[PDB]
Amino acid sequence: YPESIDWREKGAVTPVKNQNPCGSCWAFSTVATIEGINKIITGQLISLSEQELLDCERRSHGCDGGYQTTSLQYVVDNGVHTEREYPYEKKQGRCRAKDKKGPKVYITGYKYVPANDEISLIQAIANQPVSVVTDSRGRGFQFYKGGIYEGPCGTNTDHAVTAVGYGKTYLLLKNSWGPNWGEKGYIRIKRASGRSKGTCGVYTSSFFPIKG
């Protein structure tokens, strides 16, 4: 793997979005990975629809939270519309996926990253943006301003985010709380060495889409 990577710089990352006040991070996390792998494979960077997952992927619990596996599987089974055609409404509504006839993006599957292991995660991000989770309950995280975040934070993960890169000592994370949070929407989180739940539990549960 390269010493560092920034998928933003490689053009595989769309502008930061704002999920609030709907607790639909699961959808934002998944969509960002889809946006990323689509660019890597097809050369196209297009903002895709969190609202479709929200309205249509109902194994997850809408604004009350959801799952990486079910949301990734949704895109395998059904593909996903652009954000432009299916915009965010900040709340679950009727699944209108069938009513929309515009451009869609499909994936063919997804892979789970072996958990609690630095290099397994780093190796995955080297290839594509990855869906990851963090413990976001704390003042330090919620009011993060900038720099490499080393703590304080627990490992009781409750928020799904997107790993869009790393450096020697950190993982670059796209958050979904708008561009006014952290570093223009992003947080750089310390790389815990080796076997570890990771800083803020960032090694806990990681998945990435496959577009073959």
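Don't overthink the numbering: it's just position in the shown sequence, from 1.
Asks: Can you let me know which of the two, 5-13 or 198-206, has the higher average C-alpha B-factor in the entry?
Replies: It is 5-13 that shows the higher mean C-alpha B-factor.
Asks: Do the C-alpha atoms of 63-71 or of 152-160 have the higher average B factor in the entry?
Replies: Higher mean C-alpha B-factor in the PDB entry: 152-160.
Asks: So among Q142, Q92, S131, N116, who wins on Cα B-factor in the entry?
Replies: In this record, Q142 carries the highest C-alpha B-factor of the candidates.
Asks: Of the choices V31, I46, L173, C56, which one's C-alpha carries the largest B-factor in the record?
Replies: Spelled out: the listed residue with the top C-alpha B-factor is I46.
Asks: Name the third of the chain's ranked CA B-factors that contains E35, choosing lowest, middle or highest.
Replies: Tercile = middle for this residue's CA B-factor.
Asks: Please place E183 in the lowest, middle or highest third of its chain by C-alpha B factor as given in the entry.
Replies: It falls in the top third of the chain.
Asks: Thinking about Cα B factors across the chain, which third does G147 belong to?
Replies: Highest third, going by the recorded CA B-factors of the chain.
Asks: Once the chain's modelled residues are ordered by C-alpha B factor and cut into thirds, is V105 in the lowest, middle or highest one?
Replies: Its C-alpha B-factor, which the entry lists for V105, ranks in the highest third among residues of this chain.
Asks: Split the chain's modelled residues into thirds by Cα B-factor; is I122 in the lowest, middle or highest one?
Replies: Answer is lowest: the recorded C-alpha B-factor places it there.
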